């Protein structure tokens, strides 16, 4: 009657983030005496009684400072959902984790047979630059630099574009995610680069000003 559905292993590039679909079941006498349902996600081998959750729906249980903000229980706990959202991954998060349910004095149980093995890899993916593809001189167009599979989980990502085609403008307006520019002819073929840090990921593109 105590079942938990979840893929056993998971992977994420450092700094990025992933969602772990999870479902769970437990016996419920189901009558009016309906006490609160509390769920926890702990690190492997920690004792429910004395550990800080990596994630929990209990508003009294303290959460591991390291996982606060990055490990969140998506979906509805009252609806078999134990899905875990893991953001701004860290090599440190690498490890095993188990899920626990507690409801009333009767329902108490750790799903020790279904641990979640999270593995954090090194960040390879580089940012992205998007636009309409006009590339006409004397015609301003905005660019959108963004990193794939990222969450607004941890500390925001700092932008900064580099290039010779940036001189014809204010060094200030060169920190946003988006950016406009009236491309010049000397900018055509220029090497522009968008950098990102969470408070070495670069994307350098040759400008095609027609």
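Numbering follows the first chain given and starts at 1.
According to the record, the deposited sequence contains no missing residues between residue 9 and residue 10, so the chain is continuous there. Taking the mean C-alpha B-factor of each stretch as recorded, 102-110 and 131-139 are not equal, and the higher mean is that of 131-139.
Looking at mean Cα B-factors across 77-85 and 120-128, the upper value is held by 120-128.
Sorting 181, 37, 53, 151 by the CA temperature factor given in the entry leaves 181 at the top. Residues shown: 159, 42, 26, 49. Highest C-alpha temperature factor in the entry: 159. Placement of the Cα temperature factor of residue 21 within the chain: lowest third of the modelled residues, per the deposited record. In the PDB entry, residue 63 places in the lowest third of its chain by CA B-factor. Among all modelled residues in this chain, the alpha-carbon of residue 177 has a temperature factor (C-alpha) in the highest third.
Split the chain's modelled residues into thirds by C-alpha temperature factor. Residue 33 is in the middle one.
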